[PDB]
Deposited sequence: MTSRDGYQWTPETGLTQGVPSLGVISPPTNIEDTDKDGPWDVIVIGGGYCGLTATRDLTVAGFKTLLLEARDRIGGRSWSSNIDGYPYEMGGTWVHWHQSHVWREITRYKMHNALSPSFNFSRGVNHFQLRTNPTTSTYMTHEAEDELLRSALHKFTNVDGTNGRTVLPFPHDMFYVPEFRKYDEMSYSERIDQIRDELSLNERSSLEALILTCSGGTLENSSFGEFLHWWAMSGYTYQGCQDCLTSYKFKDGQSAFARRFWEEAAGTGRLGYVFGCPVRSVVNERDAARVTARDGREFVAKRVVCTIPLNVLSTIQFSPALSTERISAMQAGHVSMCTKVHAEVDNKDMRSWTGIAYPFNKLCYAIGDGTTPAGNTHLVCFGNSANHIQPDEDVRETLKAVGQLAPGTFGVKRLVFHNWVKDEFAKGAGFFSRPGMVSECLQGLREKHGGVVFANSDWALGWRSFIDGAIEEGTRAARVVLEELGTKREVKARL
């Protein structure tokens, strides 16, 4: 079935809107102890746990599909990941689900260095390139990340020995409150143009944001979770994905919950408001339908929360985090290209290009190379707005070496039910607001990867919070 979300470009079709996904649900409805709002991995986990536990549970989702910020579209036999893609066995919650659903053997490596150009292309201005081996690229990035993360002499192991508890060492706060830009100022003279340029392209790819608005300590938190090394980051952040696409993973949550007979759902049904009453909570759809339950688990993202009317009023901390919003305006564009030899190419083009980091990520059945490309707020592009501009950005990663047969993307920035990609905090935002983002609010439990403790902003964080939400409901309802 084909979803309203996403885009494709080919020479024969031009830009078209809406792409196939296994996440699309048919029919869109089948009609309460609990209402779960939103069917990303947070809502899916929570729904899976509550129904399995005996609770009569109703899923309300705005879109036509499950998966939220993470979903895949099969096109000519190749799964394009529109959002969240990479996982690893060091990510506790997603891994626990992969293995429980027997999908531990259903992964593919993104990297494949076994043939082709087998080099890293670094571009620091528009007219020229530098080329290196992947070993050389590793030495350059490790050297840069070393200097970047070494604020305590142990690359963050002293200030943040327990990433799940940011305040164990109170000096950590100073870094949460520091921006990319501030940190770089302290090491600027110790970095080459090549180390600085790679570093910034890489950390801005993580944050989606700008050097001024991304929290250095949020990055130290990612670093710490991955084991405080460059190799641990590579492994956790961009090495392994689902051979059949993320939406096949989401379908396992969905089939489990459906299979209980305790699941109610409605898709294409955006929520306008959630009001606490005496016995219960009343949820109102934009289309005016109404639904009542003893508890509501609300998994709407941080950047979307200000569109919803809550009663009573949220706290000051919830209000200001939601008004400032997180900074990830990440653009992710997929290109199926006609150069077979670029399977083993990787590339950074920074700061002059609207896509700054890219990798060869696979081979389609038709034998073309699949490139995935990322850009951020520091040099932003809305990839749907001018196909010719998007193609320039893709080609400037490796000028004069391929033609594009196809583009595939979803625009997370203009999507009204995301308004941003995965969470990434402003300087000071997590230390100031995390506690307020996680607290109870009547019979409303707020749960989203955006405010997880461990892998915050990943699929793993979304599953952590879905699990938490289910346990809170379980304790309170019995």
Response to the item:
Unmodelled spans of the deposited chain sequence come out as 32-39, 487-495
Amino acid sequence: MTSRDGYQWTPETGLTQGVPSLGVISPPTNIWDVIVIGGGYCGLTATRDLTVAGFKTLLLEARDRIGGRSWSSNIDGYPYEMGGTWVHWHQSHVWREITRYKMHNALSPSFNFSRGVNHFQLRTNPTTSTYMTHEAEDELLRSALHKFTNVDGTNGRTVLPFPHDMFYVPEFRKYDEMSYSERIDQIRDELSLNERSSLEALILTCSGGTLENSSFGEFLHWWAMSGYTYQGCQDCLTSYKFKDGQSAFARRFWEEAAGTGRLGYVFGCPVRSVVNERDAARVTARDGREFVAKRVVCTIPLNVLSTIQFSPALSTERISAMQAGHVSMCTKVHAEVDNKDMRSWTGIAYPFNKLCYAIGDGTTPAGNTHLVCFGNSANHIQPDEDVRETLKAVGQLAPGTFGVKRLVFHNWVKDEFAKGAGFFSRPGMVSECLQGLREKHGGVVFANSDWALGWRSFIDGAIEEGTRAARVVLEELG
From here on, numbers count along this sequence of modelled residues.
Worksheet, complete the sentence: Entry B factor averaged over C-alpha atoms, 288-296 against 202-210: higher for 288-296
Worksheet item: Mean C-alpha B factor from the entry: is it higher for 397-405 or for 225-233?
Response: 397-405
Practice prompt. Could you say which of 16, 467, 21, 457 has its CA atom at the highest B factor, as listed in the PDB entry?
Written response: 16
Discussion item. So if I compare the CA B-factors in the entry for 61, 415, 33, 450, which one is the largest?
Written reply: 33
Worksheet item: According to the PDB entry, is the CA B factor of residue 431 in the bottom, middle or top third of its chain, that is, lowest, middle or highest?
Response: highest
Worksheet item: Thinking about Cα B factors across the chain, which third does residue 176 belong to?
Response: highest
Fill in: residue 131 CA temperature factor, ranked by third within the chain
highest
Practice prompt. Sort the modelled residues of this chain by their C-alpha B factor and say whether residue 69 lands in the lowest, middle or highest third.
Written response: lowest
Item to complete: Name the third of the chain's ranked CA B-factors that contains residue 370, choosing lowest, middle or highest.
Response: middle
